[PDB]
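As structure tokens, one chain now follows by itself in the form deposited in one PDB entry.
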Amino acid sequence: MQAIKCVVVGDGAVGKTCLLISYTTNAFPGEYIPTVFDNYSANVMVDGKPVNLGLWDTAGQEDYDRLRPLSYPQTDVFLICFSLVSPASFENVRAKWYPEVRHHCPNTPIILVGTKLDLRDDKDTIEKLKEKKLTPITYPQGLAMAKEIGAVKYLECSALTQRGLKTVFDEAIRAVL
């Protein structure tokens, strides 16, 4: 039965660990956000065909440019992530994540994922951004970034509300089948 290795990359501000925990437990962790998500596998069925989905976190490796690629070989699909309310994380898709993923894994599918969808319409978040002369990342910006990096899909989700969350991992599997 088809085994799938999916690596999750992107800035600390994406909330990679929170994304993966909220997906696998079907719940925002809420009380306390764990820092540790250990390599995970589960059977999910997608378009009928059952599948063994493997999820690796990379939180903690954001500053270790030579250690990060130790996770990259034999990946089936990458999630390249940015936070919809961090413009720096979005630019880093282009400056940092795409270059090294493409360098190590030329022919591996990328899903572009915008996280923290629930914060894009949050007054306090919006104002905190306005005070730095920034706005949240909007849908067309992610579409444009997706095209620029060859991403097979651009998808937006909240770990908090679960909006679009299950779709991210469905589409990661469909990018492989």
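Shifts are known only where both forms have a C-alpha. Sequential numbering from 1, following the sequence displayed. Note that the rigid core is defined as the largest set of C-alphas that superpose within 1.5 Å between two forms.
Chemist: Given the B-factors recorded for C-alpha atoms, which segment has the greater mean, 43-51 or 25-33?
Modeler: Result of the comparison: 43-51.
Chemist: Determine, for stretches 114-122 and 128-136, which one has the higher mean CA B-factor as deposited.
Modeler: Looking at the recorded C-alpha B-factors, 128-136 comes out higher on average.
Chemist: Among the modelled residues of its chain, does the C-alpha B-factor of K166 lie in the lowest, middle or highest third?
Modeler: According to the entry, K166 has a C-alpha B-factor in the chain's middle third.
Chemist: Please say which third, lowest, middle or highest, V7 falls into when its CA temperature factor is compared across its chain.
Modeler: Lowest third of the chain for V7's C-alpha B-factor.
Chemist: Among the modelled residues of this chain, does the Cα B factor of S86 put it in the lowest, middle or highest third?
Modeler: Within its chain, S86 is a middle-third residue by C-alpha B-factor, going by the deposited values.
Chemist: Splitting the chain's C-alpha B-factors into thirds, which one does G150 fall into?
Modeler: For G150, whose C-alpha B-factor we compare with every modelled residue in the chain, the answer is the middle third.
Chemist: Pull the Cα B-factor of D38 out of the PDB entry and bin it into the chain's lowest, middle or highest third.
Modeler: Lowest third.
This protein has a second form, the form deposited in another entry, left out of what is shown; the following refers to that one.
Chemist: Just one of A144, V36, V44, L134 has a CA that shifts 2 Å or more between the shown form and the other one on a core fit; which is it?
Modeler: Meeting the 2 Å or more criterion is only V36.
Chemist: Taking the rigid core as reference, does the Cα of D124 move 2 Å or more between the shown form and the other one?
Modeler: Shift at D124: below 2 Å after core fit.
Chemist: With both forms fit on the core, has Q61 moved 2 Å or more by CA between the shown form and the other one?
Modeler: Yes.
Chemist: Looking in the other form, are the Cα atoms of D118 and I33 closer together or farther apart than here, the change being 3 Å or more?
Modeler: Relative to the shown form, the pair is farther apart.
Chemist: Do the C-alpha atoms of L129 and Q61 sit closer or farther apart in the other form than they do here, given a shift of 3 Å or more?
Modeler: Compared with this form, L129 and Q61 lie closer in the other form.
Chemist: Note down every stretch of 3+ consecutive residues with C-alpha shifts of 2 Å or more between the shown form and the other one, superposition done on the rigid core, in sequence order.
Modeler: 27-38, 46-50, 59-64 are the stretches that move between the shown form and the other one.
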